[PDB]
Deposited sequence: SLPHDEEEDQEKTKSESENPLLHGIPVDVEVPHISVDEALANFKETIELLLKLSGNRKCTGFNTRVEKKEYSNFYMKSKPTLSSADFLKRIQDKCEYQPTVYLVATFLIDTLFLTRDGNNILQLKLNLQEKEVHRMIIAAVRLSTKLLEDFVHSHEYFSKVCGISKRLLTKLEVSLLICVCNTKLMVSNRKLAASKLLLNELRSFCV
């Protein structure tokens, strides 16, 4: 039942938005760096998060804007982060993590939005509008759509059913990436 959960109390997280926003950003960097070192439509749908130009809003500040204009609860940014986890990570026969795919900063910016709106759409019986958010991200609502389906397509073969363990694994998988 989902490798990235193999080793977490099936019981098993009281975190604040700052704590939440922290881990996400964290995981990104780690993934960006650790990357260096199963079908076509999958990769096909992944070409999207890759913007050629340089993200006008610094990655960190960029999320600051969104939490302001959207003011989410910690949950959002946690789930958001697991998608990244589940998208890129997986354990091996010895419960040792491994890299599924290579994550680049050229793809990071759009991947951020994808995970968050997608995340909220998993959580809330009511989210912001498609243009309220398409706005918050300086994104064409046509791309926004393409970036929901892109992510969704890429991770759908993983267990995305939201639950406290998956919520927990966000922060934990972070630790297991560092050292000490």
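Numbering the deposited sequence from 1, one finds several regions with no C-alpha coordinates, namely 1 to 17, 30 to 31, 57 to 62, 206 to 207.
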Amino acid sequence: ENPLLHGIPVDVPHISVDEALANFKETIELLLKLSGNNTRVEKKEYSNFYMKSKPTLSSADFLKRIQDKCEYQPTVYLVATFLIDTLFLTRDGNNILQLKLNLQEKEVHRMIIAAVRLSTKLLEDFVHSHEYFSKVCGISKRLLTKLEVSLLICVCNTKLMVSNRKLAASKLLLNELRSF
From here on, numbers count along this sequence of modelled residues.
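Here 153 to 161 and 14 to 22 are compared by their mean Cα B-factor, and 14 to 22 comes out higher. In this entry, 64 to 72 has the higher mean Cα B-factor, the comparison being between 64 to 72 and 109 to 117. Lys146: CA B factor lies in the lowest third for its chain, per the PDB record. The deposited CA B-factor of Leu30 belongs to the middle third of values across its chain. Sorting the modelled residues of the chain by their CA temperature factor places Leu4 in the lowest third.
Annotation for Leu123: C-alpha temperature factor in the middle third relative to the rest of the modelled chain, per the entry.
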